[PDB]
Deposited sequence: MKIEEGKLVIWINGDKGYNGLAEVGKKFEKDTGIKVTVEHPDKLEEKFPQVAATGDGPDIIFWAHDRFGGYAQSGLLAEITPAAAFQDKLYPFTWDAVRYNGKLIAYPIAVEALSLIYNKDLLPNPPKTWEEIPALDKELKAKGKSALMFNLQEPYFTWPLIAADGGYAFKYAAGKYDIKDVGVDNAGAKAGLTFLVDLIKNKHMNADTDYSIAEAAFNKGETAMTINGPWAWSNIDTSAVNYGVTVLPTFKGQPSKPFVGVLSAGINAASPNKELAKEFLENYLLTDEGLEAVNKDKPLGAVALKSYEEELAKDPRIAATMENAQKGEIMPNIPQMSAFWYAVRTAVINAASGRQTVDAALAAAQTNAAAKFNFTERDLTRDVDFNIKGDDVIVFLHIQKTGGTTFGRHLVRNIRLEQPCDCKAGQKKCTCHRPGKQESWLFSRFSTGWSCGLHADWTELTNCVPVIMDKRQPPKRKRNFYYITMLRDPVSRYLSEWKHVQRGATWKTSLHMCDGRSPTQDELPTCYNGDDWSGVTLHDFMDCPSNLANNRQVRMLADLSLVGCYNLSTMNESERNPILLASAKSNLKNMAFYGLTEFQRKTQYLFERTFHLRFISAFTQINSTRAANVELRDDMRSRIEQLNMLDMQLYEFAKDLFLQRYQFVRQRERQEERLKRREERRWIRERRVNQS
């Protein structure tokens, strides 16, 4: 981000040419250039790039995205004088308050309305229920009743919410992120009506923003559902149109989620005072908002003076009527997960490929960030026969506490013939009773015989050969930010693991495939910033990479497929291989790890595992923005760990409760 300049991001459906005009006046008065951009998916790109040193100085979006940004430390707190604050409606400052603090400037209130062509339909329907009959009449004239974007849940939510659907329940002063209302009777009724419209061929499941707009603006459909920004193109096409209240469903109003277009300032911006000057003294004025509004209408603006001037517009009046009937959007971080979940459910239900009940049940799970596991997933029962051909394989991922765990395996298990660990020697002899065969494949028993820190790909291709059986794979996982910091500190003190083979499809990677991050013999002394800056850093997503079948993505050759394709494959492969292992533990749960290992393999340790909280990672002082960038560099590991933690904890509770019930039965039979 260049100092002395302003870079602004705003969505492509807003008045970015008018905003540019405000930017030109600012430049006239100050010599500060203002660049407006409208990149695609700006609301996903921003948390990826703000967490580094790129991104815009100012980001525009509806307020629902901003709590997530704020929780990640990506936004400067805004500090407007009480004088300026009173120039805007308090209603709209509420939309941009997060954990007590103001994190953006509110701009305008947006709500969806029903838009109709007065030359085809001078009185629009009051109910969703009468739309099928209307469409039948219109189809005989070569036209349709209604087309609107069915791909974005923003547009279908008003009907889904009408009879009772909700996102997160509000109770006791906060949003309950476990109480999700996307599969209740009301939500199901709303979505069923929409699905029936499609089944009865009054709408098409493929209709998106462009198709609906094109049809309405060409007079092919009598109605659409859209927001104030859409009015400009309708005027461009010279359609004679009205804007009115959304139809009712089962006698209740459609309930649009209400958005406040808001302007946040990047916490990494070196131009924060200029951003505040632009927003307060140029944009949030009658003149500035008029420039934007004349390009694409904002709706009901937040500035009291200019809102009063436009309030007579019946299109805005209709916008306010639908907004009062709807709900202000929560700004909490979980909003994005809600939207993603509903987006997928509506698409699959509307397509007919899944019923409403099944699709909304899946959305409920995803919106509440839950994991459903089968009994088989929670049951890991290994009749481990050390005298037989069973072999335990410990896959050690760097910096997951594998030294501690590996030492437990060779020093701390109660066995008739335990591992023979000679004093002052690194490895131990872990042989079956009376044989020269090992029962444990591990760093401290067999050594690195399949490669230094051999991963799932290397071990599954090498272990069966280098031992000739039942192989029981186990590993440890650690929360990725701590694991990444631990690896940074270890590399900073000389670790390279440069002799790892990284074998996959029968060869090690090429230097072009896997460039070294450092000059010389190691990367000692590296700062956290330079560590994070190397694109080929093997610390990034190490746990997913080392648990996945890397053949599935062309081994280490990043040109074989795109990231959008490689990333979901790696994650699903890692989740599957982890889940289907005999056992895994988590570094942060040493006692539960011990207990589950014991109950999985029917073994007992001599001395209790212990939790060490004062790790080198814990000692790193981590700003929130920097934690967020580490999460972004490790986004696959973040997802894997969330999955693994929940499975691990459900396994612990399952095994404990079974064991507690067995003890009781013993008592109740004596």
| Deposited-sequence ranges lacking C-alpha coordinates, in sequence order | 1 to 2, 471 to 478, 681 to 692
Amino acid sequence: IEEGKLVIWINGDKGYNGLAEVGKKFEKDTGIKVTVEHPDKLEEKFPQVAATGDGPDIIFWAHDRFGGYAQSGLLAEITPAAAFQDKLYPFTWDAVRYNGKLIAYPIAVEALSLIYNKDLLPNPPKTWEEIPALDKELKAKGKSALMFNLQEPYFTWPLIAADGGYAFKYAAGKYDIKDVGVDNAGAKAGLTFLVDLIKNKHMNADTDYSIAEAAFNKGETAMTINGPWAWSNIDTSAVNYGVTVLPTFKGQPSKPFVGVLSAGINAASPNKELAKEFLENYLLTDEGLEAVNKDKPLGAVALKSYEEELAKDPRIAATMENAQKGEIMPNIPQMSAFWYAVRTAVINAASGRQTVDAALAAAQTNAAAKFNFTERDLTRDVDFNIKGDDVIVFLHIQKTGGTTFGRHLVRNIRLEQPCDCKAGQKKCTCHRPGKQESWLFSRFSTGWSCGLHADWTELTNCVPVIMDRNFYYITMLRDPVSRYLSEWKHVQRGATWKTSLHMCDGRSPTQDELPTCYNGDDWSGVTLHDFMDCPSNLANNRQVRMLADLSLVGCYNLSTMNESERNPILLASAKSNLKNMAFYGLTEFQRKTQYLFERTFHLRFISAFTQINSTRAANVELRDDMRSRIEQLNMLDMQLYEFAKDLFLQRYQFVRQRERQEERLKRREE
From here on, numbers count along this sequence of modelled residues.
| message | Mean Cα B factor from the PDB record: higher for 497 to 505, or higher for 134 to 142? | response | 134 to 142
| field | Of 162 to 170 and 402 to 410, the one with larger mean CA B-factor | value | 162 to 170
| message | Between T587, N271, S524, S262, which one tops the list for Cα B-factor in this entry? | response | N271
| message | Checking the record values for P106, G227, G388, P330, which has the greatest CA B factor? | response | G388
| task | Within this chain's modelled residues, let me know which third the CA B factor of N17 belongs to: lowest, middle or highest. | result | middle
| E44 - which third its CA temperature factor falls in, relative to the rest of the chain | middle
| remark: Binned into thirds over the chain's modelled residues, the C-alpha B-factor of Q657 lands in the highest
| message | Splitting the chain's C-alpha B-factors into thirds, which one does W339 fall into? | response | middle
| message | Is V346 in the lowest, middle or highest third of its chain when residues are ranked by C-alpha B-factor? | response | lowest
